[PDB]
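Next comes just one chain, in structure tokens: the form deposited in one PDB entry.
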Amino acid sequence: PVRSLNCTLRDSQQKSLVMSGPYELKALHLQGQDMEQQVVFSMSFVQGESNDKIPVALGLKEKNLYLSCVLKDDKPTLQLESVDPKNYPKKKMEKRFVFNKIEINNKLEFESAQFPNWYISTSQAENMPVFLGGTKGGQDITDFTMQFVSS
């Protein structure tokens, strides 16, 4: 059976991720405000055996949605894809749903398996969408921490 855990994520500047309507996630500082707004992910361990990366899929807990990477105008793009809850999650997830989780300096990166060198990213600015970016180590933020909830 596919192994999965429940968790929340925060970017390296402590912005939490929230659902911004049906089609996207946004990142903002929820300190001082109720953290019940943050998305709870169901991170599943999928097939990819890689050396220093762990292939995972990121589902939105109790919402039938998965983070996916699709090409739009020659640019890899992060989308929320609706799925049949009976068929998901699965050990062999489609490549568009797969992210290679990379541990680096006590933080996590999520690189698209479909589009190498593109990562789950947040802006330094408040309340901007979570997106797939192709720069790392600049202004855009590709480092996260997981707050483990349950297995």
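Between two forms, the rigid core is defined as the largest C-alpha subset superposing within 1.5 Å. Only residues modelled in both forms are compared. Don't overthink the numbering: it's just position in the shown sequence, from 1.
We do not show the form deposited with a small molecule bound, though everything after this point is about it.
Taking the partner from elsewhere, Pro129 is found to have a heavy atom lying within 4.5 Å of the small molecule in the deposited complex. Under a 4.5 angstroms non-hydrogen atom cutoff, the small molecule in the deposited complex has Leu25 among its neighbouring residues. Superposing the two forms on their core leaves just one of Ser82, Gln31, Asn117, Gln124 with a Cα displacement of at least 2 Å between this form and the one not shown, namely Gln31. Whereas the shown form places them at one spacing, the Cα atoms of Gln33 and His29 lie at least 3 Å farther apart in the deposited complex.
In sequence order, 31-33, 49-52 are the runs of at least 3 consecutive residues whose Cα positions differ by 2 Å or more between this form and the one not shown once the rigid core is superposed.
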